[PDB]
Structures are given as C-alpha cells and as structure tokens.
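Peer 1: Experimental structure below, sequence on top.
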Amino acid sequence: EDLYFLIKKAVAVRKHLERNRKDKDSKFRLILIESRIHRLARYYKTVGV
Amino acid sequence: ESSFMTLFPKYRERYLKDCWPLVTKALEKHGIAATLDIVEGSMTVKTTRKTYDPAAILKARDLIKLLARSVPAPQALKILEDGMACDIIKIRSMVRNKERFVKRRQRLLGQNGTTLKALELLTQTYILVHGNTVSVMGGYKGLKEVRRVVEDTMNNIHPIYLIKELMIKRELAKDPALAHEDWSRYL
Amino acid sequence: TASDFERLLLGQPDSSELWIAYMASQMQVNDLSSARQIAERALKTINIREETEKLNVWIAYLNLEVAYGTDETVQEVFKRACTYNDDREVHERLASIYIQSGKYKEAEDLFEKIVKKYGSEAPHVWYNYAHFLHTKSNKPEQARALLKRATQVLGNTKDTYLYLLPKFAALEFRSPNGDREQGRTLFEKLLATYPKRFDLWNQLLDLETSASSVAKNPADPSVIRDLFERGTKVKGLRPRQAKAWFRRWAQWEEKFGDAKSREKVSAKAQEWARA
Amino acid sequence: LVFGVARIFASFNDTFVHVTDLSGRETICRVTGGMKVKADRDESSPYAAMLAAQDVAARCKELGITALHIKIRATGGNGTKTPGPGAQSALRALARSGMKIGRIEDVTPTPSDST
RNA sequence: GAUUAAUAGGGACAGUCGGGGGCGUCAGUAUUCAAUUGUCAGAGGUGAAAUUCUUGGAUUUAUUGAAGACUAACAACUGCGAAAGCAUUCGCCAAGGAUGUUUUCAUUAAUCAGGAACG
C-alpha cells in the first residue's frame, strides 16, 4: 500500500538520522515525510481503515 | 629557442585574427616570431637568435597572458615599455558570499565608471575587470596602490573614501616641505 | 535464567544495562558467540533514539572482544562502532579500554592515530596522551614534546592554547613524574604571555595551594607566599578580585596555622584597600 | 660550455640576484640592492639591479661559467606573482654583460589554497 | 452492489541527474614552525620612514619532518539544495528533481490564525 511504502521510507530515514543525528537537512526530510504520514493516515482513517 | 604558450577562447579567436598583424609587427620589431594556431587556439612566441633584447621574451609571455585574459591588444603591446607591468587580483575567493561579491564588484564599478576613470587618472594605470579577476597595469607604485584599493573595496571600504585618501596623498606628495613624516593625521 | 531474561527484555527492550547483564551472564556461561548474538540483537531491538544505551552495548562489545576475542574482530567492531557512532568517542573508549586491560603498547599506537585524526579540534585527546605518559609509560619529556606537537596542531584560539597549556601544567602538578616544577614552568610562561588573566592566576594559586608535590602530597608555603605577593603586585586587579585573592591568602594561612602571616594578609589587605 | 643557475627574487621593494650551482645547493654568489645603492626607497631600482647584475656577472666570469639558466619568481604565496623592474633590468644587464642563455624559465610558488 | 480516470493527486519501478547532505578516505599546493647545509651584510617596511631580525648568519638556495588552512587556472547571462549555502579523488549512507511506464487507494485537494525545524 501507499501508506505502507511511506512508513517504510519513514523508518529508513529515521535509521539514517540516528546513524548520524547531526544531519539536519535529512532531519528536515524526516519531518516532511512525517507530516505526509500524519495527513494520509488521517485521510485513510476517515474511510474506515 | 625558448618558448612560452597558453590558450585563448573561441570568442577571443576573431579578436586575435583581425587584431594580430600589429602584435606580430611589434614583435618582429623586437625580433621575435609568433604565429596563431586556430584549430587549437594557442599563441606561440618563439625567440629567434637575432633578439637583441633579453627582456622581450618575458614581455612576450606577459603579452600572451594578457591576450588570453582578453586585455586590449595594444595596451598589451604597451607592456613593451619599461615601467609597465601587469597584475591580476582574484576576488571570488576573497568574497565568500555570491550576491555580496556581485554587489561589491559593481560598487567597485560605480556609477558609469567615473570612479574607474578617477582611479586610473590618479594612479596612471589601466583597469580591466574580468569578473572573478581584475587586470591592472602601470608603474609599480601604481600597481601596489591599486592592489590596495581593490582589496579595500572588497573589504567594503568605499572607493570615494579611497579617492579621498589618494588625492590627499597626491597633494601631500607634491608639496616638498612635508617630505617625510607620518601623515595619518590628514587621512 | 534465559527465560527470566527474555521476560525482562520483553518488559524493557531499551534497557541496555539488562542487555549487558544478559550477555554478561552468557560470558559467564561462556557461549561467547551467543553473547555476540545478544549484543547484536541489542543493537537491533533497542529503541532507536537512545544513544547512551546503544553506546553502552558498544562499549560492552569492545570489552568482550578485547577480553575473549581476537585482533581481527576488535578491529572489525572498531570499524562498525565508528560508522554507527561518534568516531572520536569510540576511539577514546577503546583508549580507556586498552588502558584498563594493560595492553599499553597497542594503546600507544591507538593514541598516536587518534592524535593524528582528531587532534585538529580536540584538546582532551592530547590531555589523555599526556595523562598516559605521566602515568604508566613514564615519558614526561615525550609528553612535553607532544605539547610542542599540540601547539603545532591546534589553532591559536584561546580555548585551544590557553586550555591545553594549563591542562598540561595541571597534569604536571598532579603526577609526580610530571614534575610540578614543569607545571610551574608552564604556568610561568602562561602568565608571561598573558599577564592580564586573573582566572589563570587564580587557577595557579589553586593548584599551588592544593597538593602540588605528589611524591609526598603537601603544598609549598614559601612559594605560595611568593606567588600571592606577585599576584598582589601585578596590574589590573578589580577590587572584587583583589578582595577574593586576599581572602584566599588569608584562608590558606589559616589552613597553614601561621597567625603572623595571617595578620600580614590582613595588613596587606588594608594597605591595599587604602588607595 | 658550463651551465649555471641564477635565481632572482625580485619583489617590489627589494631584489636578490643569487647564483647557485646547477643542483641549486651551493650558493655561488649573492648580491642585493643594499650591497647595491642601499637607499631604502631606491632599494628596488633598475639601476640598483644593473649594479647587482654587473657585480655577479664580473664574479661569475671571474670563476668562469660563461652561461646561465635563470630562475624567476616573486612573492608567490599571497602577494603579487609578477616580477619587478629589478628582474627585467637585471636580466637585460646580464645578457648585455655578455654570457649566453639557454632556456628561460620562471617558476613562482603559486598556491591552490590561499583563502 | 464499485462513474468520468483529473490537462490537481501521492506512491511503485527503471535508466538517469545533481560543485544537495552527512561520515570516512585520497591527493594538491601555499603559509607557519623546526632541522640540515651553501650562506654572508644587510634584510624589512614605506609614498618616505621607524619598529624588528641581523657574524650564533637574518633575507636567501635546496631537501625533508610537523602543523593548520583552502581547493586556484577549468568557474559559467550555468548546475544542486526551500534558505543560509554548495567546488580535490574515492567509498558508504539515506534522501531529492526530471523523464518514461503496458502502475496502483480515487478525494485524498489549495490557503494560512495557533505552533514548530533550520540562520
């Protein structure tokens, strides 16, 4: 599923961020993809999932 | 035989072709040969045996580097005089900010080049601004002074302050009674 | 047992102390590859953010391999510890580990390679090198040669210069083979090159009124009285710092017990306050 | 035909004529503008260069080298990379003082690093 | 029981693109320090000067050692990153743009009060 691929990329980016936590542009990539997680998770929780 | 060479670009090629006979004329006058390669774009200057002047080959290497940097051609032939000497000041690594470098280079340029004309009249030089580099000329004292001026206008001291200091320099140098002390109280 | 251990790892999967207790129990029962598996699964299943927990498992793995492993696996886990954690930190921990384990020669080689790599910006690594040589290896001349290399490697920023030289001087004051006379050498040159730093004067007074002669653990009251006099005689003292230095002199003469000198501190304080 | 190495360090305020061996290790002779005119303003002058050049030319002809290969540099670290009036006048006066040149080579210590 | 498949979505895959980021690695010079020699009277600054170093040898010539710094000439009416910004080689790690597809849930969309990350 699309949300499943998004949370896959989310945990991959989180793994790289904890590999080097002083990578703040990739931290910004992480907060962007987390905002996308929140939005699509709510919008596909409204339907019943 | 002792050879110097460099490479000119493909917008300067037409310049060098329609502008070459005077370069090779003055250099035959100094007894040195030179030709123009077009399929590669190199100017090759070759000292002959009839070269009575030994400085003419170093002056010719300075010629070929100014014509590679697209300095005007018989200004570069005016380098064949005694007190003339070229110099280049890179400023793209002196200024670390892109837009501040652009603003400082056009602050150097000034309104309609009036500050450029004032500098070259005050220091008896020629100034060319080739973007990241600046081509300067003149007597060696003038060379030191214009290197000082370009580093201050890159360190954001204004050329109107520098022309103030240079005209005060000029007047306090031409009067003879004040010949040697520290004149920083006037500047 | 393993079942209770799996229960507590189900209860607290983050808990690296119970992780190293688990692999510690497995290094007691001597299945060392199983202990390797425990620490690997620790690095996998501990919650990701907890850097102190993961580096605790890292340090435990380094101790495990320098104890029961071999040179090849200590270098390999050294490498992966670098690529997963802070490089200078894991080098410092392997330095301390070799210090505890007594492998002082390969310790020295790692000290060399860390002072080549991270000697550009870290003063504590040169401090630990000098600490090693004023401890076990007994090379104080080589340590001050390292100090020359240190003022070579670092910038001339105030933290680097004026904090590596007093740290070295303090190490000389705290190690008897380091020669508190070399400590006074460094501090005399420091007060020469900057006579305006009353915090450095105060720190010199601290280490001189502290246990300076480590071979028998006293302070030295003659040169203490001398340096208190010179500190009263240098220029730049604000009245608060002057009162603080007079209080420090008075309290040192109270620990000494010389009431004549205590009275002299009070008389010096009043004749200085008269201004 | 003996060859030599004359290295020039012609800054804008001083000028060093300095002949060394072909290896560049044994300094044969060295003359400056203070051994010349020694005027702290005229310390870099084409005339002072002429004086230094005839001095070293007379000495290198006293020791019989008859030829050179000149090495040219300037303040190549951060200052200007061009040589000076001392350099041009000195080489002119040298090859007017008589010896023959082989190849000419100017090597200035350029940086890839400056700031 | 379930529409056009949107000339708005997000994704997947493949070839790519990037002086984008982080970590390490590889060089390159120039400067400073130190040494070794050849030194052998100034050097050094200036518009003139002065300070200063200078028979234990300055400045120089050459070879090394150590250090920090930055990546010149290619360098742009360019390229990448939202910005500040980004220029040696190589490697690793995620990410991002465009292209194309015989790829899918079919409103998920757009805007910013409050607030939050990077300078």
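Peer 2: Received the coordinates, thanks. Numbers count the residues shown, from 1 in each chain, chains lettered A, B, ... in the order given.

Peer 1: Residue numbers of chain A in contact with RNA strand E?
Peer 2: A:2, A:5-6, A:9, A:12-13, A:15-16, A:19-20, A:22-29, A:31, A:33, A:36, A:39-40, A:43-44, A:46-47 (CB under 7 Å from any atom of the strand). Every C-beta, even on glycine, is put in place using the N, C-alpha and C of the backbone.

Peer 1: and residue B:33, bridged to which residues?
Peer 2: Beta bridges link residue B:33 to residue B:46, judged by DSSP bridges.

Peer 1: Can you tell me the element residue 3 falls in?
Peer 2: Chain wasn't specified; assuming chain A. Taking DSSP states H and E as the criterion, residue A:3 maps to helix A:2-19.

Peer 1: hmm, I had chain C in mind actually
Peer 2: helix C:2-11.

Peer 1: Now do that helix: which elements does it pack against?
Peer 2: With contacts taken as 3 or more CB pairs under 8 Å, 6 or more residues apart in numbering or on different chains; DSSP states H and E, helix C:2-11 sits against helix C:16-28.

Peer 1: Need the residues that contact the helix it packs on.
Peer 2: With contact meaning CB atoms under 8 Å, 6 or more residues apart in numbering or on different chains, helix C:16-28 is reached by C:5, C:8-9, C:12, C:32, C:34-35, C:38-39, C:42, C:46, C:50, C:52-54, C:56-57, C:60, C:64, C:67-68.

Peer 1: and it, how far out from the chain's middle?
Peer 2: Relative to its chain's centre, helix C:16-28 lies at 29 Å (CA atoms, centre = their mean, to the nearest Å).

Peer 1: swap in stretch C:130-142?
Peer 2: Stretch C:130-142 has its C-alpha centroid displaced from the chain centroid by 14 Å (CA atoms, centre = their mean).

Peer 1: right, is that stretch up against RNA strand E?
Peer 2: No: counting by CB under 7 Å from any atom of the strand, RNA strand E has no neighbours in stretch C:130-142; the shortest distance is 14.4 Å.

Peer 1: How about the contacts made by residue D:55?
Peer 2: So residue D:55 contacts D:17, D:31, D:35-36 (CB under 8 Å, 6+ apart).

Peer 1: Could you list every helix and strand that the helix holding residue A:3 packs against?
Peer 2: helix A:24-43.

Peer 1: Show me what the helix it packs on is packed up against.
Peer 2: Counting contacts by 3+ CB pairs under 8 Å, 6+ apart, helix A:24-43 is packed against helix A:2-19.

Peer 1: Return the helix it packs on as CSV; C-alpha atoms alone will do.
Peer 2: Taking Å, rounded to 0.1, in the frame of the first residue of the first chain, the C-alpha atoms of helix A:2-19 are listed here in CSV:
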residue,chain,number,x,y,z
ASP,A,2,1.0,3.6,-0.5
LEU,A,3,1.0,4.4,3.3
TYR,A,4,3.0,1.2,3.8
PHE,A,5,5.7,2.4,1.3
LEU,A,6,5.6,5.8,3.1
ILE,A,7,6.2,4.4,6.5
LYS,A,8,8.9,2.1,5.0
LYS,A,9,10.7,5.3,3.8
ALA,A,10,10.0,6.9,7.2
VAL,A,11,11.8,4.2,9.2
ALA,A,12,14.6,4.1,6.6
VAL,A,13,15.2,7.9,7.0
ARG,A,14,14.9,7.5,10.8
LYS,A,15,17.6,4.8,10.7
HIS,A,16,19.9,7.1,8.7
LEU,A,17,19.2,10.1,11.1
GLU,A,18,20.2,8.0,14.1
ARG,A,19,23.2,6.8,12.2
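
Peer 1: Now it: buried residues?
Peer 2: A:3, A:7, A:10, A:13-14, A:17 (16 or more other CB atoms under 10 Å in any protein chain shown).

Peer 1: Run the angle between it and helix A:24-43 for me.
Peer 2: 150 degrees (axes from the mean of the first three to the mean of the last three CA atoms, to 10 degrees).

Peer 1: just how off-centre is helix A:2-19 within its chain?
Peer 2: Centroid displacement of helix A:2-19 relative to its chain, using CA atoms, centre = their mean, is 6 Å.

Peer 1: Could you do stretch B:39-52 as well?
Peer 2: The chain centre lies 22 Å from the centre of stretch B:39-52; the measure is CA atoms, centre = their mean.

Peer 1: Indicate the residue of the stretch 51-200 of chain C located nearest to chain B.
Peer 2: Residue nearest to chain B within the stretch 51-200 of chain C: residue C:155 (18.8 Å; CB to the nearest CB).

Peer 1: helix, strand or coil for that residue?
Peer 2: Following DSSP: H, G, I helix; E, B strand; the rest coil, residue C:155 is assigned to coil.

Peer 1: and chain D, which of its residues are near chain B?
Peer 2: D:12, D:44, D:46, D:72, D:80-85, D:87-89, D:91-92, D:94-96, D:101-104, D:106, D:114-115 (CB under 8 Å from any CB of the partner chain).

Peer 1: Would you mind giving me the PyMOL syntax to select the buried ones in those residues?
Peer 2: One line in PyMOL is enough to select the buried members of the residues of chain D next to chain B, burial here meaning 16+ other CB under 10 Å:
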select buried, chain D and resi 12+44+46+72+80+81+82+83+84+85+87+88+89+91+92+94+95+101+104+106
